[PDB]
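A.B. asks: Dropping a structure here in structure tokens format, bear with me for questions.
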Amino acid sequence: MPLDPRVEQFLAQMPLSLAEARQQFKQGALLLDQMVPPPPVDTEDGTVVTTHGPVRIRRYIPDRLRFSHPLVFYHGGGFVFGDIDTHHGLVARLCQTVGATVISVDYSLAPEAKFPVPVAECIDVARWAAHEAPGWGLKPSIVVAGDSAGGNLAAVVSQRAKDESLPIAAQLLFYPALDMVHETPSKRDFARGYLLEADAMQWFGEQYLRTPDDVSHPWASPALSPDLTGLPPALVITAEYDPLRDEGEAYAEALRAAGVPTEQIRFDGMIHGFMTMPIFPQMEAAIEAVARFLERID
């Protein structure tokens with residue numbers, strides 16, 4: 001399918017230290033939010049006590065509460081970049097469109113924190129949210145969500161949920177990374193020039209993982225897990241022109257064949273990252289997909 005016209009324009013107009021790289025990622029996110037402002041939304045900042053230390057969160061409160069489970073959202077950024085502010089544009093929209101309370105998580109970034117620290121943190125925050133939910137007038141079962149690296153975290157937290165006595169009603173994976181071991185056709189075909197590139201992904205892995213062998217750990221590569229039965233209902237959204245497409249779609253197929261209610265949606269013409277890029281109308285289409293999917297959970 002052709003590249004979406006606006007995406008192609010974006011790619012064509014694209015043109016240091018860790019601190020500087022983090023600042024540049026943050027600047028890019030600000031620029032997109034200036035171009036397409038987020039909806040106003042009530043928020044409350046907080047801190048959750050995890051097994052690896054305090055983790056800052058931001059709770060988003062919808063104008064009209066319509067969904068009966070809290071969402072817990074884990075931002076992307078290759079495990080190295082991003083924060084609550086970089087993903088505010090997405091989370092504000094998820095909150096208001098779904099009509100859901102959302103907890104946006106500022107998990108610890110690599111290389112300062114290495115695998116599997118953010119996984120532990122993300123479980124801890126999920127458990128916290130499940131415990132608070134009745135006092136917010138909600139069901140204790142949570143929905144986990146995230147984009148890219150954050151989709152990895154959501155997928156891993158979902159695989160660990162039963163063992164961690166964590167009630168999870170659904171998982172929403174937005175172009176997640178799921179298999180750090182295997183090359184797929186999309187990983188070859190779209191390796192360079194589509195925003196998320198091969199060299200960056202290598203570098204992210206070097207920052208996050210402790211040693212090369214960690215690539216085969218199921219908490220790094222959740223697609224390697226042989227038993228997907230009984231996992232939470234899954235929405236898996238992919239971009240057509242994304243190196244991570246094929247592993248995301250293969251995981252969706254695997255979930256479906258394991259009896260997990262699964263909705264698999266590829267946005268044609270799109271690239272990695274599109275759900276934090278509000279210049280593309282497909283971002284809001286995908287958020288509508290989330291709302292429609294979550295309507296079916298109860």
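FYI, nothing fancy with the structure tokens labels: chains A, B, ... in order, residues from 1 per chain, ligands from 1 as they appear.
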I want to know what sits within 6 Å of residue 208 (chain A), based on only C-alpha atoms, with residues of the same chain fewer than 5 positions away left out; could you give that as a VMD selection string?
C.D. replies: chain A and resid 110 to 111 114 to 115
A.B. asks: Which is closer to residue 52 (chain A) than all the others in A:201, A:31, A:125, A:290, using only C-alpha atoms?
C.D. replies: A:125
A.B. asks: What's the 7 Å shell around residue 60 (chain A), counting only C-alpha atoms, without same-chain residues fewer than 6 positions away, as a PyMOL selection string?
C.D. replies: chain A and resi 41-44+95+101-103
A.B. asks: Could you turn the residues from that selection into a file that holds N, CA and C atoms, as an mmCIF file, in the first residue's frame?
C.D. replies:
```cif
data_model
loop_
_atom_site.group_PDB
_atom_site.id
_atom_site.type_symbol
_atom_site.label_atom_id
_atom_site.label_comp_id
_atom_site.auth_asym_id
_atom_site.auth_seq_id
_atom_site.Cartn_x
_atom_site.Cartn_y
_atom_site.Cartn_z
ATOM 1 N N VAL A 41 -7.495 18.256 29.972
ATOM 2 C CA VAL A 41 -7.836 17.120 30.817
ATOM 3 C C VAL A 41 -7.292 17.381 32.216
ATOM 4 N N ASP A 42 -8.116 17.052 33.213
ATOM 5 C CA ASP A 42 -7.737 17.071 34.616
ATOM 6 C C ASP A 42 -6.715 15.965 34.916
ATOM 7 N N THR A 43 -5.627 16.345 35.593
ATOM 8 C CA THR A 43 -4.595 15.402 35.978
ATOM 9 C C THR A 43 -4.159 15.650 37.415
ATOM 10 N N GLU A 44 -3.559 14.613 37.997
ATOM 11 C CA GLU A 44 -3.021 14.624 39.342
ATOM 12 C C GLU A 44 -1.705 13.855 39.305
ATOM 13 N N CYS A 95 -7.637 9.131 27.536
ATOM 14 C CA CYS A 95 -8.473 9.433 28.691
ATOM 15 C C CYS A 95 -9.837 9.979 28.247
ATOM 16 N N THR A 101 -10.108 6.534 33.353
ATOM 17 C CA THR A 101 -9.001 6.964 34.179
ATOM 18 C C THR A 101 -7.752 6.262 33.678
ATOM 19 N N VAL A 102 -6.687 7.043 33.475
ATOM 20 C CA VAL A 102 -5.444 6.500 32.982
ATOM 21 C C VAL A 102 -4.329 6.898 33.943
ATOM 22 N N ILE A 103 -3.474 5.919 34.215
ATOM 23 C CA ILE A 103 -2.270 6.124 34.981
ATOM 24 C C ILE A 103 -1.092 6.051 34.018
#
```
A.B. asks: Find the residues around residue 195 (chain A) up to 9 Å (only C-alpha atoms counted), leave out those fewer than 2 positions away in its own chain, and share them as a PyMOL selection string.
C.D. replies: chain A and resi 11+192-193+197+242+271-273
A.B. asks: Write the residues of the preceding selection, restricted to N, CA, C and O atoms, as a PDB file, in the first residue's frame.
C.D. replies:
```
ATOM      1  N   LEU A  11       8.551  12.454   6.868  1.00  0.00           N
ATOM      2  CA  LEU A  11       9.846  11.830   6.681  1.00  0.00           C
ATOM      3  C   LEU A  11      10.777  12.717   5.868  1.00  0.00           C
ATOM      4  O   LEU A  11      11.963  12.831   6.212  1.00  0.00           O
ATOM      5  N   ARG A 192      15.685   1.084   7.562  1.00  0.00           N
ATOM      6  CA  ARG A 192      16.230   2.424   7.543  1.00  0.00           C
ATOM      7  C   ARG A 192      15.248   3.334   6.810  1.00  0.00           C
ATOM      8  O   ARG A 192      14.596   2.919   5.842  1.00  0.00           O
ATOM      9  N   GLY A 193      15.117   4.559   7.335  1.00  0.00           N
ATOM     10  CA  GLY A 193      14.396   5.625   6.653  1.00  0.00           C
ATOM     11  C   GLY A 193      12.936   5.773   7.090  1.00  0.00           C
ATOM     12  O   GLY A 193      12.243   6.645   6.566  1.00  0.00           O
ATOM     13  N   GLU A 197      14.905   3.019  13.240  1.00  0.00           N
ATOM     14  CA  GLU A 197      15.889   2.353  12.406  1.00  0.00           C
ATOM     15  C   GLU A 197      16.651   1.241  13.131  1.00  0.00           C
ATOM     16  O   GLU A 197      16.769   1.265  14.347  1.00  0.00           O
ATOM     17  N   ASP A 242       7.008  -0.403   9.210  1.00  0.00           N
ATOM     18  CA  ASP A 242       7.606  -0.366  10.535  1.00  0.00           C
ATOM     19  C   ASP A 242       8.431  -1.646  10.652  1.00  0.00           C
ATOM     20  O   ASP A 242       7.874  -2.695  10.379  1.00  0.00           O
ATOM     21  N   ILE A 271       3.815   4.614   9.714  1.00  0.00           N
ATOM     22  CA  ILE A 271       5.115   4.285  10.284  1.00  0.00           C
ATOM     23  C   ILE A 271       5.031   4.114  11.802  1.00  0.00           C
ATOM     24  O   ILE A 271       4.061   4.517  12.447  1.00  0.00           O
ATOM     25  N   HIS A 272       6.089   3.500  12.351  1.00  0.00           N
ATOM     26  CA  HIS A 272       6.299   3.402  13.790  1.00  0.00           C
ATOM     27  C   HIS A 272       6.092   4.776  14.441  1.00  0.00           C
ATOM     28  O   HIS A 272       6.533   5.812  13.942  1.00  0.00           O
ATOM     29  N   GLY A 273       5.433   4.803  15.589  1.00  0.00           N
ATOM     30  CA  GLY A 273       5.373   6.035  16.365  1.00  0.00           C
ATOM     31  C   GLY A 273       4.105   6.847  16.099  1.00  0.00           C
ATOM     32  O   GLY A 273       3.900   7.862  16.776  1.00  0.00           O
TER      33      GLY A 273
END
```
A.B. asks: I need the residue nearest residue 226 (chain A) from this list: A:200, A:84, A:19, A:255. Use only C-alpha atoms for the distance.
C.D. replies: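 For residue 226 (chain A), the nearest of the candidates is A:255.
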A.B. asks: Out of A:5, A:281, A:78, A:89, which residue has the shortest atom-to-atom distance to residue 199 (chain A) when counting only C-alpha atoms?
C.D. replies: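 With only C-alpha atoms as the atom set, the closest residue is A:78.
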A.B. asks: Name the closest residue to residue 137 (chain A) among the candidates A:6, A:266, A:66, A:256; distances are taken between atoms, counting only C-alpha atoms.
C.D. replies: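 Nearest candidate to residue 137 (chain A) out of A:6, A:266, A:66, A:256: A:66.
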A.B. asks: Hey, which of A:15, A:37, A:99, A:46 ends up closest to residue 67 (chain A)? Count only C-alpha atoms.
C.D. replies: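 For residue 67 (chain A), the nearest of the candidates is A:99.
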A.B. asks: Using only C-alpha atoms, which of A:61, A:265, A:130, A:138 sits nearest residue 96 (chain A)?
C.D. replies: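 Result for the nearest residue to residue 96 (chain A): A:61.
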A.B. asks: Looking only at helix (DSSP H, G or I) from DSSP on the backbone, list the matching residues of region 96-145 of chain A as a tab-separated table (two decimals) with N, CA, C and O atoms, in the first residue's frame.
C.D. replies:
```
chain	number	residue	atom	x	y	z
A	96	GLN	N	-9.84	11.05	27.43
A	96	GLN	CA	-11.09	11.73	27.13
A	96	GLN	C	-11.94	10.94	26.14
A	96	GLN	O	-13.16	10.97	26.24
A	97	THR	N	-11.33	10.29	25.15
A	97	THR	CA	-12.07	9.58	24.12
A	97	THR	C	-12.69	8.30	24.66
A	97	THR	O	-13.85	8.00	24.34
A	98	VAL	N	-11.90	7.51	25.39
A	98	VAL	CA	-12.42	6.29	25.99
A	98	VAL	C	-13.36	6.63	27.15
A	98	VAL	O	-14.29	5.86	27.46
A	99	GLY	N	-13.09	7.77	27.80
A	99	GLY	CA	-13.73	8.10	29.07
A	99	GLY	C	-13.21	7.21	30.20
A	99	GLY	O	-14.00	6.64	30.95
A	117	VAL	N	14.56	-4.03	35.48
A	117	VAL	CA	14.09	-3.10	36.48
A	117	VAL	C	12.76	-2.48	36.07
A	117	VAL	O	11.80	-2.52	36.84
A	118	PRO	N	12.62	-1.87	34.86
A	118	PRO	CA	11.34	-1.27	34.53
A	118	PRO	C	10.20	-2.27	34.45
A	118	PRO	O	9.06	-1.88	34.69
A	119	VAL	N	10.49	-3.54	34.17
A	119	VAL	CA	9.43	-4.53	34.16
A	119	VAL	C	8.85	-4.65	35.58
A	119	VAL	O	7.63	-4.61	35.76
A	120	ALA	N	9.75	-4.84	36.56
A	120	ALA	CA	9.36	-4.88	37.96
A	120	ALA	C	8.55	-3.65	38.35
A	120	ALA	O	7.50	-3.75	38.98
A	121	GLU	N	9.06	-2.46	38.00
A	121	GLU	CA	8.35	-1.23	38.32
A	121	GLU	C	6.93	-1.20	37.75
A	121	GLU	O	5.97	-0.75	38.40
A	122	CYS	N	6.83	-1.61	36.49
A	122	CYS	CA	5.56	-1.59	35.79
A	122	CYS	C	4.55	-2.56	36.40
A	122	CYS	O	3.37	-2.22	36.49
A	123	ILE	N	5.02	-3.72	36.90
A	123	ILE	CA	4.16	-4.64	37.63
A	123	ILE	C	3.65	-3.98	38.91
A	123	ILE	O	2.46	-4.02	39.25
A	124	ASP	N	4.60	-3.35	39.63
A	124	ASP	CA	4.29	-2.75	40.91
A	124	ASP	C	3.22	-1.67	40.76
A	124	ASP	O	2.32	-1.57	41.58
A	125	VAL	N	3.37	-0.84	39.70
A	125	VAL	CA	2.41	0.22	39.49
A	125	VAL	C	1.04	-0.36	39.11
A	125	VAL	O	0.02	0.15	39.57
A	126	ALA	N	1.04	-1.42	38.29
A	126	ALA	CA	-0.20	-2.11	37.92
A	126	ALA	C	-0.93	-2.63	39.16
A	126	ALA	O	-2.16	-2.46	39.30
A	127	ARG	N	-0.16	-3.18	40.10
A	127	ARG	CA	-0.71	-3.74	41.32
A	127	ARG	C	-1.31	-2.63	42.19
A	127	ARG	O	-2.39	-2.77	42.78
A	128	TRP	N	-0.58	-1.52	42.28
A	128	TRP	CA	-1.08	-0.35	42.98
A	128	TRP	C	-2.43	0.08	42.41
A	128	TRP	O	-3.38	0.38	43.15
A	129	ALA	N	-2.48	0.20	41.08
A	129	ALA	CA	-3.69	0.69	40.43
A	129	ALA	C	-4.86	-0.26	40.68
A	129	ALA	O	-5.99	0.20	40.90
A	130	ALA	N	-4.58	-1.57	40.64
A	130	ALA	CA	-5.62	-2.56	40.91
A	130	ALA	C	-6.17	-2.39	42.33
A	130	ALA	O	-7.38	-2.51	42.53
A	131	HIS	N	-5.32	-2.01	43.29
A	131	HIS	CA	-5.72	-1.81	44.68
A	131	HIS	C	-6.52	-0.52	44.90
A	131	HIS	O	-7.46	-0.49	45.70
A	132	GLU	N	-6.17	0.55	44.17
A	132	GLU	CA	-6.85	1.83	44.26
A	132	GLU	C	-8.21	1.83	43.55
A	132	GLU	O	-9.09	2.63	43.90
A	133	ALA	N	-8.39	0.96	42.54
A	133	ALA	CA	-9.51	1.08	41.61
A	133	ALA	C	-10.87	1.21	42.31
A	133	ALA	O	-11.68	2.08	41.94
A	134	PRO	N	-11.23	0.40	43.33
A	134	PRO	CA	-12.54	0.57	44.00
A	134	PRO	C	-12.81	1.97	44.57
A	134	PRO	O	-13.94	2.44	44.50
A	135	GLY	N	-11.75	2.65	45.04
A	135	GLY	CA	-11.89	3.97	45.62
A	135	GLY	C	-12.10	5.06	44.58
A	135	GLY	O	-12.47	6.19	44.93
A	136	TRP	N	-11.81	4.71	43.31
A	136	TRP	CA	-12.09	5.53	42.14
A	136	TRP	C	-13.43	5.14	41.54
A	136	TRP	O	-13.81	5.70	40.50
```
A.B. asks: Tell me, in Å to one decimal, how far CA of residue 168 (chain A) is from CA of residue 29 (chain A).
C.D. replies: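 Value for the CA of residue 168 (chain A)-CA of residue 29 (chain A) distance: 29.7 Å.
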A.B. asks: Do you know which residues are at most 10 Å from residue 298 (chain A) counting only C-alpha atoms, after dropping those on the same chain fewer than 4 positions away, and could you put them as a PyMOL selection string?
C.D. replies: chain A and resi 67-69+169+294
A.B. asks: As a list in words, please: all residues of region 135-255 of chain A that backbone DSSP puts in strand (DSSP E or B).
C.D. replies: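 The strand (DSSP E or B) subset of region 135-255 of chain A is residues 142, 143, 144, 145, 146, 147, 168, 169, 170, 171, 172, 173, 174, 234, 235, 236, 237, 238, 239, 240 and 241 of chain A.
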